[PDB]
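Structure, as structure tokens:
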Ligand code: HEM
Ligand code: HEM
Ligand SMILES: *[C@@H]1O[C@H](CO)[C@@H](O[C@@H]2O[C@H](CO)[C@@H](O[C@@H]3O[C@H](CO)[C@@H](O)[C@H](O)[C@@H]3O)[C@H](O)[C@H]2NC(C)=O)[C@H](O)[C@H]1NC(C)=O
Ligand SMILES: *[C@@H]1O[C@H](CO)[C@@H](O[C@@H]2O[C@H](CO)[C@@H](O)[C@H](O)[C@H]2NC(C)=O)[C@H](O)[C@H]1NC(C)=O
Ligand SMILES: *[C@@H]1O[C@H](CO)[C@@H](O)[C@H](O)[C@H]1NC(C)=O
Ligand SMILES: *[C@@H]1O[C@H](CO)[C@@H](O)[C@H](O)[C@H]1NC(C)=O
Ligand SMILES: [Ca+2]
Ligand SMILES: [Ca+2]
Ligand SMILES: [Ca+2]
Ligand SMILES: [Ca+2]
């Protein structure tokens, strides 16, 4: 697994198949990643849109429109959230019918080993806002280096010890940070994710096996280059529940 | 992110702007309205005629908000808490408009203070205005 | 579309611009304010610091060329879509410059026009200038 | 261990008598948390390094984040003690701190502090300069008010009768901006005994240098020039022997009543005057800030500045 | 759901109950379909449904809802998106 058609802000021209676009019933765009023939990954915050969180997932499922490949529509069958969503924003979505894997629709398979080592360079692609805060018409992809966890905790919460934490997020909103997360800094040209790229995979290209691995799902896209770090949920820490949910369905 | 030199440039530029900030803000509002009519949808109860005192006061309020933000460049989210909540949930202003307004504001400065609007100061003002816009639009939902 | 008053104002104001400086200044401003645009201009050598891009002759030459294209567009206001078709194909096929960067160039260009004109850039003519930069950005898009 | 093998050091500072505190224990270097850190800890520290009279204490990221274990936290120390490790503490290596709470200290031995005025009309009028670690710098004017000017004037030893802020006739300085946001209450013996922002991270620029003008009160004169009478015209100020005008940043009839009252010309009517004669040009100006209106003189008006800005 | 401080039993300020206490509703996003469902829920004629509080006074306490959208199909107010 892990063979794109072309390995390679810059407009994508045949490099990121796993990406998927979602729009709520009140016209806000978000991202998602293809994990297999019929299952996706997304952030939980992309599901509680324009309604109270007290609602059930059955109410969420039919209100979200989903595009893959080159504006190819797909229908959602079920949406299942992680039982501890308050501290890990993973959310999985099931397609109405298994997709026909082709060059424009193809999953990204999950890490057998952690890759969130400081300095590692990965790829992030998304349909999020742009420099003028308009949703990008064409798919965008950026390159980000993994960043130290302690520095990220200091950046968003000040101190590592829980008793001494106090909010200091430069963009107002505070991300969910714990053992199930890792952070990444800006690119070389000061490129960073903004609104709507949540849910997009942090892809690492392993040369030994010549394979692309989804290392994390972006869970904080409000940085918009104002904050210095973006926050992702580690797939390795979520692998087991993913396997169990897929097997159970 | 705003680098310390970037903060010094922003501080110097907004010190140089002086008391003309209210007039510049009113001009920026009018200019944004005229260039992009679609941004008038959020002011249905507003007298948008030439020389209107309503838009003058609104521009003065925006300029005062930005001056307060500059004074607290190190703790911007707390300075703009009320305005962020107002623009995020109550009014539901789209993110795009903010960038539009920023550009308008910027051009206004360029029209009135060409001498001080050097490229470095341009970069600094753009970064500061982008930070303000991101703070105000962060909780959009 | 442009009303006759806007057409007259925009043409008269553009008649007072200079080719060799304003376009280069606009391009330098884009390089300095949005770093990710340097990837395309790597051919021009050192673009690491503001004074470097401001002091680069190649930047001024390319500014002259883009301003010439803008003047041609102004001379073809009615038929902008066909006027820039070749440039649209060029940027879409060989460079992969996203459609937003064209509008970024338009905004920085408007900024430097304000910088040069001063008080003379009244909002009514700025509306027309915004319309023309929007037109050229859309035409170049795809 | 009786404490003989322990050693202590100051790192990443301006010189040996300033910087982050580190101590060696079990062959490992470490830092001390700033929890419950005060000037007593600073004196204890600048009693053991032979640098005396601890000037200031710091916290968090003043000198940069350190490395290694953390030994002390939440210490209570008196103002006189042989060494830092004799104080009462919960325990060695027991802490709830992280390296964003490291402690640093600046002593007097390396800090050859001195204050001076330069580039002014009179011996003790003009731009303030502070010497720190052998380098001269200025003070940002943000938060610079009459009490701070009083403290500085007393420090240099010239009249404290009238002590105004502003660098009269002085040009922008070059070098460091050592001080900012000084918050003297008006009775301290030197400007650096007051509370003030750290010495590192200032966003001021050299157009903002602070200064002071100290006078006995017998050398400030105020006049109206241009017009048919002594009671109408442009307001001019002769302070020391330097002539200048007043900027109308906030000029209103409220302060014109004070000025007219001072000259004994009655009450203020109009903020203009017939152009009878011609008045010469001057480059130094005076700036006022919202006089209440019932003051008996313009000199009693709160935080008036004598130069150091522009009326463009 | 109740209507208070109005001309009749069929018009006035609208109140909702939660946790044991009553509270008001914000008019923003309150359209004719919302009034239609509010009238339908209560035992009141539904031929004509209009927005606004008639000659009623200002509210008191907490505001317990805002920006609802019922679309006219949901039998009761709290079944709508809120
Ligand atoms: C730099 C960006 C902005 C700043 C600093 C800002 C600041 C402010 C301030 C200070 C107020 C007055 C709040 C009060 O009086 O309680 C306000 C209100 C308002 N703003 Fe903004 N604003 C910004 C962007 C925008 C944009 C882009 C729009 C729309 C396109 C907008 C639309 C409004 C509206 C409709 C109001 C309500 C006015 C009223 O109800 O009378 N604002 N804003
Ligand atoms: C929006 C209005 C634009 C106009 C009117 C325009 C016009 C032109 C023209 C006429 C050329 C031909 C130069 C030659 O043949 O030597 C050119 C080339 C080029 N343009 Fe654009 N362009 C625009 C936008 C952009 C933008 C936004 C970018 C990048 C951010 C860009 C990047 C380039 C590059 C890299 C070249 C080739 C330079 C070289 O390699 O020598 N263009 N453009
Ligand atoms: C706004 O409008 C409504 C509609 O009129 C007002 O309700 C009415 O208020 C008056 C007081 O001015 C009540 O009159 C009283 O009626 C009883 C009937 O037994 C009588 O004992 C009293 O002597 C007096 O006449 C009236 O009943 C009441 N309702 C009606 C249907 O007329 C309401 O007070 C106004 N204000 C607000 C805040 O809603
Ligand atoms: C501005 O400052 C200069 C500083 O030199 C002033 O000249 C000084 O005047 C005092 C008082 O007589 C003398 O002690 C100094 O020796 C003078 N310095 C000289 C002459 O170089 C000067 O008067 C001021 N000038 C203006 C235009 O305000
Ligand atoms: C959720 O957190 C609780 C905390 O006790 C833990 O027991 C449980 O295993 C967690 N569930 C998952 C799916 O990780
Ligand atoms: C001047 O007026 C202020 C404002 O009422 C008052 O507090 C102050 O005491 C007055 N000063 C004198 C000397 O009467
Ligand atoms: Ca502490
Ligand atoms: Ca402690
Ligand atoms: Ca200042
Ligand atoms: Ca003070």
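Quick note: numbers on chain B are straight from Swiss-Prot, i.e. 2-142, in order.
Looking at the header, which is where the method is noted, we find electron microscopy, 3.2 Å.
Note that Cβ sites are derived from N, Cα and C of the backbone, with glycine treated the same way.
As given in Swiss-Prot:
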DOMAIN    B:2-142  domain 'Globin'
MOD_RES   B:8  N6-succinyllysine
CARBOHYD  B:8  glycation site
MOD_RES   B:9  phosphothreonine
MOD_RES   B:12  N6-succinyllysine
SITE      B:12  site 'Not glycated'
MOD_RES   B:17  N6-succinyllysine
CARBOHYD  B:17  glycation site
MOD_RES   B:25  phosphotyrosine
MOD_RES   B:36  phosphoserine
MOD_RES   B:41  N6-succinyllysine
CARBOHYD  B:41  glycation site
MOD_RES   B:50  phosphoserine
SITE      B:57  site 'Not glycated'
BINDING   B:59  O2 binding site
SITE      B:61  site 'Not glycated'
CARBOHYD  B:62  glycation site
BINDING   B:88  heme b binding site
SITE      B:91  site 'Not glycated'
SITE      B:100  site 'Not glycated'
MOD_RES   B:109  phosphothreonine
MOD_RES   B:132  phosphoserine
MOD_RES   B:135  phosphothreonine
MOD_RES   B:139  phosphoserine
Cβ packing number for residue B:109 (phosphothreonine), 10 Å threshold:
27
Residue B:36 (phosphoserine) versus residue B:57 (site 'Not glycated') - Cα distance in angstrom:
18
Select the closest residue to residue B:88 (heme b binding site) from the following recorded positions, measuring between CA atoms: B:12, B:25, B:61, B:135.
B:135
In Å, rounded, how far does the Cα of residue B:100 (site 'Not glycated') sit from the Cα of residue B:17 (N6-succinyllysine)?
23
Any idea which of the modified residues B:9, B:50, B:132, B:135 has the thinnest Cβ neighbourhood at 10 Å?
B:50
Would you count the other C-beta atoms found within 10 angstroms of the C-beta of residue B:139 (phosphoserine) for me?
25
Of B:9, B:91, B:132, chain D-adjacent recorded positions (C-beta under 8 angstroms):
B:9
Near residue B:41 (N6-succinyllysine), which residues of its chain come within a Cβ-Cβ distance under 8 Å, counting only those 6 or more away in sequence?
B:34, B:49
Among B:8, B:12, B:17, which are recorded as modified residues, the nearest neighbour of the residue listed as 'phosphotyrosine' by Cα:
B:17
Given a 10 Å Cβ-Cβ cut-off, pick out the one of the recorded positions B:12, B:17, B:61, B:91 that has the most other Cβ atoms nearby.
B:12
Can you grab the distance from residue B:50 (phosphoserine) over to residue B:12 (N6-succinyllysine)? Cα atoms, rounded to a whole Å.
33
What same-chain residues, at least 6 away in sequence, bring their CB to under 8 Å of the CB of residue B:36 (phosphoserine)?
B:105
